[PDB]
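Laid out below as C-alpha cells are two forms of one and the same protein chain, each shown alone and named structure 1 and structure 2.
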Structure 1
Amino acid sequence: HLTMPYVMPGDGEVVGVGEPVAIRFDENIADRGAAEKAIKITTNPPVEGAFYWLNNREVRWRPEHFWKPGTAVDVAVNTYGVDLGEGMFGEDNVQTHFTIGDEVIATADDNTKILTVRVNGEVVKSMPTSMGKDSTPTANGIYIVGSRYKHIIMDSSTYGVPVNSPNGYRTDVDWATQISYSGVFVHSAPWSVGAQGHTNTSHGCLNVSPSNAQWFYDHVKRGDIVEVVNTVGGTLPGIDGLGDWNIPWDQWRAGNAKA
C-alpha cells in the first residue's frame, strides 16, 4: 500500500503572494503528523509557516501573512519509505522550488461595485463589476487565484446540482479566472456591461467586461489574491480549496494534525 505525494505549485513556477504550498496524496493519510514531519520547507527570505489540512488527502503550508515578493521557496517532501499510518508508505520523494512574484491584490468592493487591481500597492486597473445577486450572493473574504480558461462551460451538474433545479446553471464563458473551488470565477460578461458598476446580477461570479476579463486572464497569475468586501453574502470557507487565508493564523498555526 503506497501513496504518492504531489506538490503544488510546480517546480520552477512563479506564483502570487497568496499561494500556499500544497502536498496532496492519492490516498487518505492515517497519520497526519507523520506526513507533516516528513515535509521540510525552506524559505528565503526566511519566514515562519505552518501546516493545515484541507481534508484527509491534502495539507497546505503557508505563512501568517502573504508572501514577500521575490521569496524563494524549496519544498522537500521526504516521504519515500515513510510510514504514513495503517501500513501505508510513501511511494517517492518530491522536491520543488518556486518563487513569489509581484504582489497582485484585486479587491471587489460591493459598495462601489468596482474590482480594483493593485500591483505592489499601485492601481493598474479599475474594473466595474457585477457580482452575485442578493439570492445568490458572492461571499466576502480572501480568494486565491487558481486556474484560468480561455473558454469554459460551467455546468452545475459537475457539482451534483441539476441544471434545472434551484441552485442549477449552465453557461459558457470566455476569459475565466478561477478563484474558488466552489466555482467562483472572474470572467467576461458582455451581457452585463450595463449592470457592471451598478447592480449585482450574477450567480456568484465576478462579471467584468470582455477587455477586463481578458486582461485578468493575461496578467493575474496562480496565487495572486482577490478580496471580496461588503457583499450581503457570507464568508468563503477556509477549506474551499482556495480559501486558506480566511482561517485566522492562530487557528491555522495550531493545525489539525490530530483531527
Structure 2
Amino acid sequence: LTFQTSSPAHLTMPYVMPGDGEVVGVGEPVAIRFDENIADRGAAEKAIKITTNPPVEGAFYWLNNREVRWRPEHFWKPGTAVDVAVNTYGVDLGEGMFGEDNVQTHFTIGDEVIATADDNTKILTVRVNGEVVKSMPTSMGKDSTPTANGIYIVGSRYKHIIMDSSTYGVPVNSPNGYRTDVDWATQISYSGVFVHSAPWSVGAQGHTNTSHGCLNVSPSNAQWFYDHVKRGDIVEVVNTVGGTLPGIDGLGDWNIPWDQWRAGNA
C-alpha cells in the first residue's frame, strides 16, 4: 500500500451497488456512484475491474456525470458470480478531484424472475425460470398519465411509503395533487413507478387503468410481490399508450440498445 495525499475539498468517494454478498436478479447492473461529478470518465472506467464467473462480456455506460453502470448484453445467467474492484484510491478523476479510497464487493445472480404487465389484458404475470408462479390483475396509468412501456429493474421495497405530489412540484392542494399512504410498494423506476397495494382500485384492476403511472394491484398481491420479488428482478410493461421508459432513468438500463451501451460515453 502506497500512501496518497488528500484534501477534503478535492476527494470523491465511490459507492458500489449491489451490496456485498447480496443475491440479486438477472437484471441487476453493477453500479458505481460517486459523491462528486466525474470529469474524467475514462479514468474512472480504467480504475474499475469487473470479473464474472462464468465469464460474460459487458461494458460501462454513464447514466449521468455521477454514476456509471456495467452490464452484459443480455440478462445475467442465474448463478453467475460477480466481483467488482473499484481501485480509485489516489486516481486522478479530473479537475483536481481524486479518488478517496478503493471499494471491493462481490455478488451473485439468483433465479430468473420476470414479471410482465400486459396492458392488453391488464394482468401482471410473474414467471420464475420460465414458469408462471403468479397472475395479478392490475390497473396502470390512465391515458393522460400512462405507464411507460419497457424493461424496468426492480429496486427498493417499502412496507409503507408516502406519495406526495409536491416532490414533483405539484401542490397537494392542486386539483391534481395528492398525498397518499401506500402499503407494500416495490420501486421499479427512479421517476417514481411502483408496484403497490391499491384497495381503492380493486374493481378496476384487470379492467381499467386509473393510476398516475404506478402498477396498482390488490393488497394481497402487493404483499406477495414485496415478499417474493428481489432487487434486480425484471418487470416488463407492454402495450400501454405510453412511450418507452428512458434508458437513463436509474432503473431503465436495459432499454438502451446494446451497440449504444457497449460503445459507451466516456
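Throughout, residue numbering runs from 1 along the sequence of structure 1. Between two forms, the rigid core is defined as the largest C-alpha subset superposing within 1.5 Å.
Residue among 135, 147, 165, 95 with C-alpha shift of 2 Å or more between structure 1 and structure 2, core superposed: The one that moves 2 Å or more is 165.
Rigid core fit between structure 1 and structure 2: Cα deviation of residue 207 in angstrom: After core superposition, the C-alpha of residue 207 moves 0.3 Å between structure 1 and structure 2.
Cα shift between structure 1 and structure 2 at residue 156, which is computed once both forms share a superposed rigid core (Å): Rounded to one decimal, the shift is 2.0 Å.
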